[PDB]
Structures are given as C-alpha cells and as structure tokens.
Amino acid sequence: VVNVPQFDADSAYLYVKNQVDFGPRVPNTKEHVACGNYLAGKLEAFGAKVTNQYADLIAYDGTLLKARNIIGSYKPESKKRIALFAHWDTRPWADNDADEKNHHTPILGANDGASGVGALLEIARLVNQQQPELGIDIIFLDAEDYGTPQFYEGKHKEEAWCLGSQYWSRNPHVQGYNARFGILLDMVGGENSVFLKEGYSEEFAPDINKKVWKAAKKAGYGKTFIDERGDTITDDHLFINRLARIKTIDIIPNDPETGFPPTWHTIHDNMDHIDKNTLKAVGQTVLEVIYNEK
Ligand SMILES: c1ccc(Cn2ccnc2)cc1
Ligand SMILES: [Zn+2]
C-alpha cells in the first residue's frame, strides 16, 4: 500500500554527534548560536521551508534567553499537517549528578537534546526524498531545559520549563496554524531505553498514543515501544496540548528503576550512552506513523 522509507541509524547518529561536537548548547552562548545555525541550515539543505522564531524569553530567575525556535516545513501550502517536535537546547547545570561538585556544570545533552533533533533531521532528509501525504513540520524548540535548578531555594514553577514551546504555542510560526496531531521526541537515543505511553499523552491524546504504539508493533519495535502506561511528565507537549490545542504525545523513555535514563542531568549525558539502534526504533516508528496518515 505505502512504501515507508528506511530510517538510516548511522546518518541519525552522526547528526546527534555533530550537535554534541559544538559543546553544550546553553542559551546565550556562541555554541548555542552556532548549533542553531547548523540545524536551520541542515533543514534548508534538506528542502524544508525554514521559519526562525527568535524570542527574548525570561527564565525562572529573570535571565533573558536569546532563544530561537526553528521550524522546517514540508508541503507548506497543505492545510493537513503533522507536527514533529524536539528540544535542541541543553541544560546549563548537571543538577542530578551523583557528585555535588558537578551541579553547576553544563551537560553535553547527547540524549537530552541532541537525540530527538538528530532523529528528526534524518526524518527530514527522507521526507524530502519521498513526501508523505500530509504536510510535515519539523520543529526544534529552544529553552526547554533552563528550568529551576534542583539546588534552588524558592518557588519551583512548572512554567519555568519549556519556554520555547510555550512561546511557539502562543505565537505560531504562521497565522492559523493547524496540525492533525503532534509527536514530541525527548531522549530517544539512550542504550537499552524502552518507551511507555506517557501520562499527559494518555489524557490529551490517547488515540494518538494508540496509533503510535500500534505503528511501532507493526514495524517490529514492539519490544521497544511497550504497550503500558508509564509516568506523567512535564515536557513540551503539555504546553502544546494546553496552549496550541494540538493533540501531541511524548516519546520519552521509562525505566522501572531510574524513571529517566541514568545519564539524565548528569555529566554522563554524552555519546558513550547513545545507541543508534534506539534512534532507529524511534525514527522508524515515526516514519511508519507519518507515512500511513492519509
Ligand atoms: C521536570 C522538568 C522537566 C522534565 C522533562 N525533561 C526532558 C528533558 N529534560 C527534562 C522532567 C521533570
Ligand atoms: Zn533535561
């Protein structure tokens, strides 16, 4: 019926490594600016129509973040669309590290940041080469991970997180923007990771979770996409669902012992713990979903 393209895991892995090779993508650093230029340029080289959303976002403590959401659009005139999201900034503090002396050191964010973006770059390459029926938007969200440090004494507000998705959700890149549904990729490269149906995703978009997990099973990734409800996670999709009202699910790992991968918000979130086979399982599932939408 439909020939779904084959996600190239080696290609995706290299897009992950290329981001990490800039160093930490902390908002307001030259490394962040350079990586943003790399990502926008790559989308444009893969035939996307690129819209940049530069915004002055205010962090939990009053810090102004020079943020840039990057949107790459395929079949831009189609009104029938699927939105694919990943955050591209990295966290400026390894505030979950086992050693306190690292709690003020920026992470490399290989899994938390680079993995989702790298997977979506590989999807963008393939969408260009053979388009699905629906228009696809690849949306790289800034300033997701500048939320209140664990060491901070004071108010820990939910809205300190996901500043780029909040901005995008209130201020779409094109007036009247609609999508049938959305998929957010968050930490999709970790060795041995499995993905359960996330709680907010189940509450806002259970039909989309069903679609995605059925697609994974059908494509042979049923051992990676486990048909079971996991944790409820504050992530970009919460704000997208609440503010933009696009039914959006989160593909995010769940481990029974650590919840998130053990590298999460530690100085160990680097390429040593990225497995291209995890990228493959997630990326191929996303392809299976978008190419079977009519
Ligand atoms: C608290 C805040 C945010 C999250 C989600 N998240 C995803 C990547 N880094 C953090 C989980 C708990
Ligand atoms: Zn994070």
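Residues numbered from 1 in each chain as written, not as in the entry; some residues may be left out. Chains lettered and ligands numbered in written order. Heavy atoms only, no water. Residues with missing side-chain atoms left out of burial classes, pairs and counts.

- By the method listed in its record, X-ray crystallography, this PDB entry was determined to a resolution of 1.7500 Å.

- As named in the PDB entry, the chain is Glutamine cyclotransferase, taken from Bacteroides thetaiotaomicron.
- The title line of the PDB record says "Crystal structure of Bacteroides thetaiotaomicron glutaminyl cyclase bound to 1-benzylimidazole".

## Looking at unusual backbone geometry
Working step 1: Even without a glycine there, the phi angle at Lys75 is positive, about 45°.
Working step 2: Take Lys75: it is sitting in the loop between strand 2 (64–73) and strand 3 (81–87).
Working step 3: For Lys75, a relative accessible area of 28% puts it in the partly exposed group.
Working step 4: With a phi close to 55°, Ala143 is a non-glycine residue in the positive phi region.
Working step 5: Position of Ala143 relative to the elements: it lies in the loop between strand 4 (135–141) and helix 4 (163–170).
Working step 6: What makes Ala143 buried here is its relative accessible area of 0%. (Helix = DSSP H or I, 4+ residues; strand = E, 2+ residues; numbered from the N terminus. Buried < 20%, exposed > 50% of the residue type's maximum accessible area, 1.4 Å probe, protein only.)

## Some words on the site of ligand 1
Working step 1: With respect to spatial proximity, the complete set of residues near ligand 1 consists of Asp112, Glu144, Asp145, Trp161, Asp186, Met187, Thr234, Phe260, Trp264 and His265.
Working step 2: Measuring from a nitrogen atom of ligand 1, one finds a side-chain N or O atom of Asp112 at 3.3 Å.
Working step 3: A distance of 3.4 Å is found between a nitrogen atom of ligand 1 and a side-chain nitrogen or oxygen belonging to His265.
Working step 4: Look at ligand 1: alone it shows 320 Å² of surface, and the protein chains cover 86% of it.
Working step 5: Of the residues assigned to the shell around ligand 1, the class counts are four nonpolar, two polar and four charged. (Near = heavy atom within 4 Å. Polar contact = N/O pair within 3.5 Å; in protein donor to acceptor, adjacent residues only side chain to side chain. Areas by Shrake-Rupley, 256 points an atom, 1.4 Å probe, with all protein chains shown as cover. Nonpolar A, V, L, I, M, F, W, Y, C, P; charged D, E, K, R; others polar.)

## Quick notes on the packing of aromatic side chains
How two aromatic rings sit relative to each other is set out by the distance from centre to centre and by the angle between their planes.
Working step 1: If you walk through the whole model with that rule in mind, you get eleven aromatic pairs.
Working step 2: Ring geometry for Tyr200 versus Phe204: centroids 6.5 Å apart, planes at 35°, classification tilted. Placement of both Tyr200 and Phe204 in helix 5 (residues 199–204) is noted, with a separation of four residues, approximately one turn of the helix.
Working step 3: The partly exposed category is assigned to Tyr200, whose relative accessible area is 23%.
Working step 4: Every member of this aromatic cluster is reached through a ring pair, and the members are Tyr60, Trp93, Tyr146 and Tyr152. (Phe/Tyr/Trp six-rings, centres within 6.5 Å; stacked < 30°, edge-to-face > 60°.)

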